[PDB]
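Presented as structure tokens, the chain that follows is alone, the form deposited in one PDB entry.
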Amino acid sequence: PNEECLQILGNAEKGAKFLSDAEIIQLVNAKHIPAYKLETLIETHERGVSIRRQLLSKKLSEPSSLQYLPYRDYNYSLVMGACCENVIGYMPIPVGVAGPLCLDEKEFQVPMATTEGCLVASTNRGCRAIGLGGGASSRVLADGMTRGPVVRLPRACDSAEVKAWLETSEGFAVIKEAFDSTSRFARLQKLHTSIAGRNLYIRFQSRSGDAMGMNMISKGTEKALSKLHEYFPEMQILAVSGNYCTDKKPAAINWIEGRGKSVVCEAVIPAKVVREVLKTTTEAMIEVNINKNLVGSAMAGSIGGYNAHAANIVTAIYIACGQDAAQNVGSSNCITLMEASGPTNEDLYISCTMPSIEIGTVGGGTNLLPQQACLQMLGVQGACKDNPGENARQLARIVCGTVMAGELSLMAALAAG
């Protein structure tokens, strides 16, 4: 009944919990109730998902499309008004595990969410060679998420004035105070700027504790630019990101300046281990690395893509561990080097250098519990109380270390043919 059902919705202590599935759907189709009124009216999250699927399904060319998209018994409360909207369900990505990865005297079992055949198996083989080689070592070389707004002044002489002002000790200090006032972990490092006529691109860089820090840095960037407006009232803020960050697009600035964590990792693989585990020789590995990862990438016109498949490992760890998998674009930046080592140049020195690993252990997908499980496997879930940023640094080191395992195994598979 259409007019009885409205009575049960309007009563403040009854609610739509008393109504049925088809009755709420009869209301919308008759146009008694608009569609957008169902988000706010319906009580529980899972029933909101159910009714959206049903409404959505009748509009589809094949109304049975959603049959095998699962949606029941998922914690939508951590996702609603925080991570996803118009939610009709969830997508299971198989999670495999590669390890142990022997990195800086610890051992890691690395979760990898992927649907590419053999990626975990191959990565795990690279892990095996590293462990039988005495483990890999890594260092975090730099740390600071960025945002890169574009501002505009009337003339290029003015934009130049502002650049010189931001380069002074006094002007930087003023901007630093306004940026840092927005948050606990927001500490502004040296500003990088570029002029293009009357445009001025300003790359704000700051650590962000254990968060990846896109939201924190943005908040700092806006207050900092508000303070900059007080010194330069004619300055227009065109966009809070003018693509100079650069976020989720290939850019040499991230390659050269770094973004998020800049990391290096390295290991030596005995000749014996290269033969028995990797089914090739040190000399063959080197020849392939030089001519694939340097020369080949060079011929193809690569900026920052001097590696075999860093992106595969970055992406799978990112999906498993609640990262922004779109940031695989810049986070997969990697140069993989290989050279002969040891008494008779028969052992394999390998290193991966990844200048822009954009990563966090708090916020975003890491609020969700399956994603926290994977972060917990690695011992890096959430914030680190004693050493703010140490969980995010550790995960970045794991990523780089795991990328190196991936590089060893794939580069060996290609070398053996």
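Basically, rigid core = biggest C-alpha set you can superpose within 1.5 Å across the two forms. One-based numbering along the sequence shown.
Heads up, the form deposited in another entry isn't pictured, but that's what we're talking about next.
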**OP:** Shifts of 2 Å or more in the Cα, rigid core superposed between this form and the one not shown, apply to only one of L38, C384, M377, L66; name it.
**Re:** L38
Subject >> Core-aligned C-alpha movement of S351 between this form and the one not shown, 2 Å or more >> reply: no
Subject >> Core-aligned CA displacement of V28 at least 2 Å between this form and the one not shown >> reply: yes
